[PDB]
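>>> Just the structure for this:
(chains A, B, C, D, E and F, ligands or ions: 12)
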Amino acid sequence: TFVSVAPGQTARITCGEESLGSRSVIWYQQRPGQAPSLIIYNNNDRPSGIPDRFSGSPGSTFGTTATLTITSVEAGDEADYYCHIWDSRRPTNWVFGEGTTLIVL
Amino acid sequence: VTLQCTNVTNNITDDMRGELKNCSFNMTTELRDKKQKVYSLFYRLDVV
Amino acid sequence: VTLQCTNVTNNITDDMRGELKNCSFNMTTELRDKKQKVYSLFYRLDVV
Amino acid sequence: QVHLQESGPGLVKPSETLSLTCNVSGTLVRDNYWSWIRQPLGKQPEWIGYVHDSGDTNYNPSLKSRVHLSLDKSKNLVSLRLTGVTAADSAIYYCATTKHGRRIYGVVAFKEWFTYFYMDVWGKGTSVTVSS
Amino acid sequence: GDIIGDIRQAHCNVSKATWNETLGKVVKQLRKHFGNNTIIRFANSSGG
Amino acid sequence: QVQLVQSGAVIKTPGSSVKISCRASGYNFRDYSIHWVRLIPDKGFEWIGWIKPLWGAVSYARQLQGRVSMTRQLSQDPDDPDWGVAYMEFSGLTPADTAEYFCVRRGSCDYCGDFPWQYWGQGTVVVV
Ligand SMILES: *[C@@H]1O[C@H](CO)[C@@H](O[C@@H]2O[C@H](CO)[C@@H](O[C@@H]3O[C@H](CO[C@H]4O[C@H](CO)[C@@H](O)[C@H](O)[C@@H]4O)[C@@H](O)[C@H](O[C@H]4O[C@H](CO)[C@@H](O)[C@H](O)[C@@H]4O[C@H]4O[C@H](CO)[C@@H](O)[C@H](O)[C@@H]4O)[C@@H]3O)[C@H](O)[C@H]2NC(C)=O)[C@H](O)[C@H]1NC(C)=O
Ligand SMILES: *[C@@H]1O[C@H](CO)[C@@H](O[C@@H]2O[C@H](CO)[C@@H](O[C@@H]3O[C@H](CO[C@H]4O[C@H](CO)[C@@H](O)[C@H](O)[C@@H]4O)[C@@H](O)[C@H](O[C@H]4O[C@H](CO)[C@@H](O)[C@H](O)[C@@H]4O)[C@@H]3O)[C@H](O)[C@H]2NC(C)=O)[C@H](O)[C@H]1NC(C)=O
Ligand SMILES: *[C@@H]1O[C@H](CO)[C@@H](O[C@@H]2O[C@H](CO)[C@@H](O[C@@H]3O[C@H](CO[C@H]4O[C@H](CO)[C@@H](O)[C@H](O)[C@@H]4O)[C@@H](O)[C@H](O[C@H]4O[C@H](CO)[C@@H](O)[C@H](O)[C@@H]4O)[C@@H]3O)[C@H](O)[C@H]2NC(C)=O)[C@H](O)[C@H]1NC(C)=O
Ligand SMILES: *[C@@H]1O[C@H](CO)[C@@H](O[C@@H]2O[C@H](CO)[C@@H](O[C@@H]3O[C@H](CO[C@H]4O[C@H](CO)[C@@H](O)[C@H](O)[C@@H]4O)[C@@H](O)[C@H](O[C@H]4O[C@H](CO)[C@@H](O)[C@H](O)[C@@H]4O)[C@@H]3O)[C@H](O)[C@H]2NC(C)=O)[C@H](O)[C@H]1NC(C)=O
Ligand SMILES: *[C@@H]1O[C@H](CO)[C@@H](O[C@@H]2O[C@H](CO)[C@@H](O[C@@H]3O[C@H](CO)[C@@H](O)[C@H](O)[C@@H]3O)[C@H](O)[C@H]2NC(C)=O)[C@H](O)[C@H]1NC(C)=O
Ligand SMILES: *[C@@H]1O[C@H](CO)[C@@H](O[C@@H]2O[C@H](CO)[C@@H](O)[C@H](O)[C@H]2NC(C)=O)[C@H](O)[C@H]1NC(C)=O
Ligand SMILES: *[C@@H]1O[C@H](CO)[C@@H](O[C@@H]2O[C@H](CO)[C@@H](O)[C@H](O)[C@H]2NC(C)=O)[C@H](O)[C@H]1NC(C)=O
Ligand SMILES: *[C@@H]1O[C@H](CO)[C@@H](O[C@@H]2O[C@H](CO)[C@@H](O)[C@H](O)[C@H]2NC(C)=O)[C@H](O)[C@H]1NC(C)=O
Ligand SMILES: *[C@@H]1O[C@H](CO)[C@@H](O)[C@H](O)[C@H]1NC(C)=O
Ligand SMILES: *[C@@H]1O[C@H](CO)[C@@H](O)[C@H](O)[C@H]1NC(C)=O
Ligand SMILES: *[C@@H]1O[C@H](CO)[C@@H](O)[C@H](O)[C@H]1NC(C)=O
Ligand SMILES: *[C@@H]1O[C@H](CO)[C@@H](O)[C@H](O)[C@H]1NC(C)=O
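Residues are numbered from 1 along each chain as shown, chains lettered A, B, ... in the order given. Ligands and ions are numbered 1, 2, ... in the order given. Next up is the structure itself:
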């Protein structure tokens, strides 16, 4: 669960199980030592304050995995990422997914 | 054959009821000796 | 039924191949409970 | 402005009724969905539950018995309560504000949707450990 | 076998503007056999 | 011949719910309707409702709706396909409902409405 990408390139964070039903993922960002924050609050929609460089995967597909694509990776992306999936067949996931660290050169 | 059926993988709420049952059973293959274990899906209006 | 076949009793040379297979199997008798063990002969173009 | 000031005993003896409060900033407790998150040491965080007045008090079914969330509208305070803590709940805690939202995937009249949750702003947190 | 996607109920649709207009027709011709000022109502097939 | 055998007499309390069998035999049960007639003293006969027993499509009276329910059970064996049984669950009784209950059947007559009932049941008296 470690992805090392030098800056200038792109990054793809993969979390969660396979797509069983129609999903609605929730993506977070954990600062080291601090409290987590929010990145994506739907399949693709994001709140204000973060740039457009963060993106997500649509949850209208069946058989894929909840990705997290980042274009123009900078030094501020050196943090811990957590997926929080809400599938329509499995019940409420009270724990977050596989936390992957995106360390940048 | 006497089936063995569980809930289909779905978000089972108490208000709704299971429309589709799982029903994994035994059935003879094309060879008369062997018996494969296969599964299917079945509606609730087809199993008792 | 899943057969069990050996070479027919013959002088097996490496150049020739077995044209007739032995193929002793199991098969129900006229009674539904008992199962006799019978044997036959079969050509190689009939068994896989 | 929105932020969350917390409290905590920190070092707790086992098998004790653990409690934890979390202050407000500007916004009142009566007008937001309130949720609580525990993050273990170096692990992925775990949703303790979510609380609100008028019904929305559904807990995490893993614990489901020793937890009790509660509101305090007079002090403008939210509160967590744990009864009989073992040595596995030694973690950090988080009070947080959450927004809801429905994602329809079919007919809305056949109850074919769900209401998810997401926590936009979080508290600063506290380390509540249990040892001797 | 498997069901891909979501478990949704099969349904049917009719247009409410069209269907209520058609019941406005058949409630007029029904009064030709049962007289006027007759409060015609419908129901949903009591049993069976 | 056509024979309709009913159930025996009962003694019920106000607020109970009777069930009156009517076992038909001697004809193909998947063809002919079965009605139910209640005979009250000082009021004459009174209809209740029919049951077309191919599928089980029923229709009751207007003043007895919500209180009557008629089911049927067919004969699912090819060794004896004529017999069958109709039912009637008369719910929410009253001391003003004590009467005699008859299950009838139309005649195989072809110039003949559904209502000129030929063969009758033996009669079941119900006391409340
Ligand atoms: C008989 O009549 C009924 C009555 O209308 C009709 O039911 C309708 O069924 C359709 C589907 O068959 C339902 O359509 C869904 O609608 C929801 C809600 O969208 C509406 O509301 C939002 C509010 O914000 C508006 O923005 C939007 O424009 C609509 O007005 C949609 O969300 C659904 O689409 C998503 O989900 C699908 C499956 O997941 C995807 O295939 C689709 O692409 C959408 O996914 C996208 O959006 C997601 C949103 O987060 C996003 O996360 C994804 O990544 C992706 O980008 C869907 O269209 C409709 O609601 C029903 N009507 C009512 C009143 O509820 C029957 O269809 C009709 N029968 C026949 C045979 O015609
Ligand atoms: C063909 O389609 C028709 C039309 O939909 C169906 O008729 C409906 O059947 C359902 C199921 O029986 C009915 O739903 C029930 O309604 C009851 C009355 O609702 C009123 O009262 C409640 C409070 O009691 C209010 O909340 C509500 O807003 C209404 O004002 C409810 O009491 C029932 O709920 C109870 O049972 C369920 C299940 O156990 C529990 O989850 C509940 O908590 C509660 O205990 C239930 O909701 C519906 O009313 C019918 N529609 C009507 C009468 O117009 C037919 O059923 C369908 N055909 C077939 C064969 O199914
Ligand atoms: C219908 O009928 C035709 C006519 O018979 C068949 O055609 C013959 O098929 C056989 C089998 O393939 C052929 O036999 C082979 O001939 C090869 C060529 O023979 C020359 O070379 C060898 C040395 O290499 C000399 O000794 C010989 O005198 C010839 O000068 C041989 O090389 C083959 O032998 C090899 O394989 C066998 C088996 O593995 C070993 O035992 C040998 O030691 C050696 O390794 C073999 O003998 C024959 O030539 C064909 N006839 C022709 C071409 O006229 C058809 O096959 C048949 N139809 C069907 C469907 O089978
Ligand atoms: C997969 O399945 C699970 C199990 O059902 C779903 O979890 C439920 O989600 C619904 C979301 O609507 C919750 O419903 C909410 O209940 C509140 C009160 O709950 C009472 O009842 C439950 C049992 O029914 C008790 O356990 C509990 O203690 C309470 O006594 C209501 O107040 C809520 O209403 C509010 O939200 C709706 C949303 O539309 C508004 O319309 C209302 O006006 C109001 O604001 C709401 O109805 C439910 O509690 C959850 N749990 C259970 C056990 O049912 C998942 O949602 C589902 N889907 C996934 C994971 O995608
Ligand atoms: C009806 O029930 C059957 C019986 O459980 C379901 O089939 C089985 O489902 C499980 C869970 O998806 C499968 O297990 C998985 O297998 C993959 C590949 O081997 C593995 O990588 C996973 O870790 C997991 O073990 C299993 O393969 C599958 N089949 C059998 C024969 O057991 C079935 O899914 C149910 N019906 C529906 C509609 O879901
Ligand atoms: C399908 O066949 C298998 C093979 O016989 C059955 O499995 C055995 O069933 C008997 C009777 O219940 C048990 O005593 C054995 O312990 C079972 N063995 C195993 C390895 O499972 C099985 O029950 C049959 N039915 C289904 C639905 O699978
Ligand atoms: C014919 O039936 C017999 C009787 O069951 C089979 O013999 C047994 O086969 C099983 C499965 O291979 C073995 O575990 C037993 O040890 C066998 N017992 C004996 C006494 O042989 C036999 O395999 C069947 N098939 C053939 C081709 O004979
Ligand atoms: C039933 O479905 C058909 C096709 O899915 C609908 O016909 C379409 O209606 C829309 C709305 O006016 C038009 O824009 C399309 O051109 C129509 N297509 C065709 C092929 O006719 C129809 O309206 C639907 N009816 C109901 C009651 O939902
Ligand atoms: C499975 O279906 C039965 C059918 O009555 C239901 O009672 C039960 O809640 C469903 N779910 C589970 C997990 O058994
Ligand atoms: C029997 O037939 C097979 C068929 O390939 C052959 O290889 C084998 O040499 C024959 N003889 C024996 C003794 O197995
Ligand atoms: C149905 O059509 C009639 C025809 O005039 C109209 O008056 C009525 O408002 C319509 N809608 C109903 C009965 O809901
Ligand atoms: C009922 O109303 C229609 C209106 O067109 C009228 O023609 C008819 O005569 C009326 N019926 C009677 C019995 O008057």
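>>> To which secondary structure element is residue D:127 assigned?
In the assignment (DSSP states H and E), residue D:127 maps to strand D:126-130.
>>> Determine the set of other helices and strands touching that strand.
Contacts defined by 3 or more Cβ pairs under 8 Å, 6 or more residues apart in numbering or on different chains; DSSP states H and E place strand D:126-130 against strand D:11-12, strand D:18-22, strand D:91-102. Just so you know, the C-beta spots here come from the backbone N, C-alpha and C atoms, and that holds for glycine as well.
>>> try 7 Å
strand D:11-12, strand D:91-102 (3 or more Cβ pairs under 7 Å, 6 or more residues apart in numbering or on different chains; DSSP states H and E).
>>> For the closest residue to residue A:55 other than its chain neighbours, give the beta-bridge partners.
Closest residue in space to residue A:55, ignoring its immediate chain neighbours: residue A:69 at 4.8 Å, by Cβ to Cβ, 6 or more residues apart in numbering or on different chains. Taking DSSP bridges as the rule, residue A:69 bridges to residue A:12.
>>> Verify the stated contact: residue A:69 with residue A:58.
No. Contact criterion Cβ atoms under 7 Å: residue A:69 and residue A:58 do not qualify, at 11.7 Å.
>>> isn't residue D:127 right up against residue D:12?
No. With contact defined as Cβ under 7 Å, residue D:127 does not count as touching residue D:12 (10.8 Å).
>>> Please identify which of those two sits among more neighbours.
Legend: neighbour count by other Cβ atoms under 10 Å in any protein chain shown for residue D:127 and residue D:12, higher for residue D:12 (19 against 12).
>>> quick one: contacts for the more buried one?
Residue D:12 makes contact with D:18, D:85, D:128, D:130, according to Cβ atoms under 7 Å, 6 or more residues apart in numbering or on different chains.
>>> which one of the residues you listed has the most neighbours?
Going by other Cβ under 10 Å, residue D:128 tops those with 23 neighbours.
>>> Wait, a strand at residue D:2?
No. Checked against DSSP: H, G, I helix; E, B strand; the rest coil, residue D:2 lies outside a strand; its state is coil.
>>> For it, give its distance to residue F:123.
Distance check for residue D:2 against residue F:123: by Cβ to Cβ, to the nearest Å, it reads 81 Å.
>>> For chain B, which segments count as helices?
Taking DSSP state H, chain B contains no helices at all.
>>> how many neighbours does the residue of it found nearest ligand 9 have?
Nearest residue of chain B to ligand 9: residue B:7, at 3.7 Å (Cβ to the nearest ligand atom). Residues within reach of residue B:7, counting by other Cβ under 10 Å, total 10.
>>> Check residue A:84 too.
26.
>>> what about the residue of chain E found nearest ligand 7, distance to residue C:23?
Nearest residue of chain E to ligand 7: residue E:1, at 31.0 Å (Cβ to the nearest ligand atom). Residue E:1 sits 36 Å away from residue C:23, going by Cβ to Cβ.
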